[PDB]
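What the coordinates show
Each chain, written out:
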Amino acid sequence: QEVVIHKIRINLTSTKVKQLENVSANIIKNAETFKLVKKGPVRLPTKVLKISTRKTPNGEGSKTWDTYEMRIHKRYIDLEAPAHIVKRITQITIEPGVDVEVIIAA
Amino acid sequence: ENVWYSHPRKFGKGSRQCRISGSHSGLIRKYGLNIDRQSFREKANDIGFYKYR
Amino acid sequence: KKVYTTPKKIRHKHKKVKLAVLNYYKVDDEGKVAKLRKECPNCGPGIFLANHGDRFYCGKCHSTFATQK
Amino acid sequence: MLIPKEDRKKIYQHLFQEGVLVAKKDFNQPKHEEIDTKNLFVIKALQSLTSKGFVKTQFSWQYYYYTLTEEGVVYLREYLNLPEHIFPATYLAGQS
RNA sequence: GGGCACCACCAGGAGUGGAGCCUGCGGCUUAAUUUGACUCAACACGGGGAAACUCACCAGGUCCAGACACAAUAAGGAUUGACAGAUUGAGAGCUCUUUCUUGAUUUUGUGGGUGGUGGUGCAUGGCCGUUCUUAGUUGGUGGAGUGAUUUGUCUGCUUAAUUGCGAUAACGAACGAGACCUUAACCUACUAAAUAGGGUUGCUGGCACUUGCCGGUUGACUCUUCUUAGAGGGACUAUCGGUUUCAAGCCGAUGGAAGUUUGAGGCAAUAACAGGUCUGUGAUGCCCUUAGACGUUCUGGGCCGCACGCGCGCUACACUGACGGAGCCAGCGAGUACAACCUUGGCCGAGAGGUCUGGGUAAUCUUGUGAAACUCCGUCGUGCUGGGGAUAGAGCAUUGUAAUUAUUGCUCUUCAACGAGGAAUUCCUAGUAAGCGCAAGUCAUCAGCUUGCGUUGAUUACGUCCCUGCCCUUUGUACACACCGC
Ligand SMILES: [Mg+2]
Ligand SMILES: [Mg+2]
Ligand SMILES: [Mg+2]
Ligand SMILES: [Mg+2]
Ligand SMILES: [Mg+2]
Ligand SMILES: [Mg+2]
Ligand SMILES: [Mg+2]
Ligand SMILES: [Mg+2]
Ligand SMILES: [Mg+2]
Ligand SMILES: [Mg+2]
Ligand SMILES: [Mg+2]
Ligand SMILES: [Mg+2]
Ligand SMILES: [Mg+2]
Ligand SMILES: [Mg+2]
Ligand SMILES: [Mg+2]
Ligand SMILES: [Mg+2]
Ligand SMILES: [Zn+2]
């Protein structure tokens, strides 16, 4: 009766990459099963967090450095689909590590 | 109990303590870590930061 | 290290000069009471004014009077 | 140590309610979270408790952590009045 | 004797050392100008660009944060508080003037802790640096020795490499190197997108005025080359030629995005050093200290002082320039809701900077960060000149509680030294060197520093042991705390 499409973006942010990919795949599969209009898994530029730190505590000896870094992986799945469907999706397909998140408002 | 036991320590080296040691020395305040650099190094792997290149 | 300076004069926290069953208040008859000095206007009765040469205060509100009595 | 006793009592009550206490390692802080008293005072109280058994303390990451032993609990009860079959976190409230 | 390396030298470049100025470190000075560290492996290091904080130093003051145990007061107060002015640097009750509060917390002792950017890194942990990113290290058999040990682990030739080929009482192995990983390069081949870019077309601006050219609009429709970033491939020294016991390999052409280990790193053995750090650390032994502290905390300074040494650095000695206009292109990034982040766009101001407004928690907004050095046309022409910009004086701004011992910016003014730097010595082999700016880091405010980034982009080798260091081998050794030896 409703069939009210709010236009819903699923964000998918993570560090672990393979896991994220798997999650995305799962989501896609779910969508296919439910048979909806959606834009495919858009992948955004991998933001890298860099922390340069002198390896030493005491600053004595040669001046050596360690670039410790964090990889951020950010994906978007845009669903032209209802509210109920979105809710259902949210309910099923949750894995550890990946930050599942929904915008909901076009 | 005494009245004057506080200079205004809103900002600067004195305000910004670290989470672990509570030091004002080599304080990584980037990305809201607030960690003395040594401490960060010791834990960096657990906090998601890995050496690659 | 460097040696300590030594002027000489030390100052200690005063012991307070404690006193109880103080000579404030009185009774003449027996039945009724006769208050000496006065009680606080700001707070309720039970607390009593400090009396000096045209200068008053009270301790429950640390020290907050001005008018004479 | 120099505590207005009411505050101390309040703190004790709070502890009892909890079955636990988490403080900062932050002296000069004007008022604690939850309790309407100075954090420093609370910390001092906790220390005192520890010194006469009762509480178990951890100082990790600028956060003091506190849990009550059986004896400690008993002491707290005595301080309060409350007799038996009471709060802390020694057992669940109902189903959680 | 034989190796290796632009932390060695050649062949060259850029230099530094001279000049001024920044900043480190001495020396002196000073209440105190806190401390750690001195060949490489101390000296723009302590992420150490100190205005207070930081901070450890000095002059001064404040505070207990003296846990707990046990007694002396135990309310005829234990001790807690305390406006008023003198007091006090001082709306520090710091107290002596005071005579009101405070109710057993305490407090007065005695056991007992606690804190200390106090000490000792030659008492330790962990981490780091260095021998060494060099090529080194080990054990299982078996052989040689009574034995410590040795051989394997090596004449030679290769290799960046104890890398391999070979020769062989040694055989097969492990670690280290390699492989590995990350990134930097290729994909008109896949999967993808109004948070990335285009094509047609709508409306629409201007042109020439024929159909055509540039545009502007998230109006439609469709695409994935560039974009990103998932999955894969792709290089293996490939094909050919020589050269080399026709081996390991090396040298040259061809193709190929890539033929220097494809480039760059990340990790990186055994054994160590009395290397550094007890001033990252509720990592810590012991000593010291331990309630007028060497604890803390306020306040004012100081790390920045100057006859003078060296060490990183910047700015220049101009004509390959300077100054004006004009042209006008990057990549790493980073960036706030409990705060005050980046901050376009509009108005004010010669500027700095103010204001209103937004957009952004971020491929969306700042941001195409239209960065500089560059390129074009003009003004000065080789004169301590318009090169050079120091010291200076003043005002205008901003950050903060506080700017004098200019924080920084801007405006005018002052125009010093220095015509390419002696003995010495650093760095370097390709998108490197050098130049040029950006960038975050620290950050309330300050970049001459730093980790990165891209832009412009060469000269000369592509070798050798002459020097320097290091490595092995053979030698000699009265050394073994090992030449700072005996
Ligand atoms: Mg002193
Ligand atoms: Mg060296
Ligand atoms: Mg300095
Ligand atoms: Mg340097
Ligand atoms: Mg400063
Ligand atoms: Mg300490
Ligand atoms: Mg200590
Ligand atoms: Mg040592
Ligand atoms: Mg030593
Ligand atoms: Mg044997
Ligand atoms: Mg051997
Ligand atoms: Mg051949
Ligand atoms: Mg490589
Ligand atoms: Mg952008
Ligand atoms: Mg001149
Ligand atoms: Mg700096
Ligand atoms: Zn009163």
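Residues numbered from 1 in each chain as written, not as in the entry; some residues may be left out. Chains lettered and ligands numbered in written order. Part of a larger assembly, values for the part shown. Heavy atoms only, no water. Residues with missing side-chain atoms left out of burial classes, pairs and counts.

For this deposited structure, the header cites cryo-EM as the method used and 3.8000 Å as the resolution.

**So, the interface of chain B and chain D**
Condition: Between two residues, a contact is recorded if the distance between any of their heavy atoms is within 4.5 Å. Using a 1.4 Å probe, buried area is obtained as the accessible area two parts lose upon being combined, added over both of them. Here, a salt bridge means any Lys or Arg side-chain nitrogen found within 4 Å of an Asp or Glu carboxyl oxygen. Residue polarity is assigned by list, with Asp, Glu, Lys and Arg as charged and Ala, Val, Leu, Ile, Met, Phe, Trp, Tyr, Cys and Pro as nonpolar; anything else, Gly included, falls into the polar class.
Opposite the ten residues of chain B that make contact, chain D presents six residues. When the area that chain B buries against chain D is broken down by residue, the three leading residues are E1, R19 and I20 of chain B, summing to 56%. Counting the contacts that link chain B with chain D gives zero salt bridges. The residue inventory of the side of chain B that touches chain D, partitioned by class, reads three nonpolar, three polar and four charged.

**Some points on the protein's contact with RNA strand E**
Put simply, the test is: Nearness is defined per residue: one heavy atom within 4 Å of the molecule or strand is enough. Side-chain atoms alone can form a polar contact between residues adjacent in sequence; in general such a contact is a pair of N or O atoms within 3.5 Å, and within protein one must be able to donate a hydrogen while the other accepts it. Elements are defined by DSSP. Helices are runs of H or I of four residues or more, strands are runs of E of two residues or more, and each kind is numbered from the N terminus.
Near RNA strand E you find 99 residues, and of these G59 and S62 of chain A, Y31 of chain B, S63 of chain C together with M1 of chain D are the closest. Expressed as a percentage, the sugar and phosphate content of the atoms of RNA strand E within 4 Å of the protein is 68%. With respect to RNA strand E, the side chain of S52 of chain A contributes an N or O atom lying 2.8 Å from a sugar or linking oxygen. For the surface near RNA strand E, the secondary structure elements donating two or more residues are α1 (17–34), β2 (37–54) and β3 (65–80) of chain A, β1 (27–28) and α1 (37–43) of chain B, β1 (50–52) and β2 (55–57) of chain C together with α2 (39–51) of chain D. With 13 residues, β2 of chain A is the single largest residue contributor to the surface near RNA strand E. For the surface near RNA strand E, the class distribution of residues is 29 nonpolar, 33 polar and 37 charged.

**Details of the sheet that holds strand β1 (residues 21–24) of chain D**
All names here are of chain D. We apply this condition: What makes two strands pair is DSSP finding at least two bridges between them. Every axis in this analysis is a line fitted to C-alpha atoms, fitted for helices over the stretch in contact. Angles between the N-to-C directions lie between 0 and 180 degrees.
Read from one edge to the other, the open sheet built from three strands follows the order β1-β3-β2, with strand pairing classed as antiparallel. A strand with exactly one partner marks an edge of an open sheet, and here the two such strands are β1 and β2 (55–58). Each strand of the sheet is rotated relative to its neighbour by a mean of 20 degrees, with strand direction disregarded. Note that β1 and strand β3 (residues 63–68) share four bridges and pair antiparallel. Residue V22 lies in a different strand from β3, and its bridge partner there is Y65.

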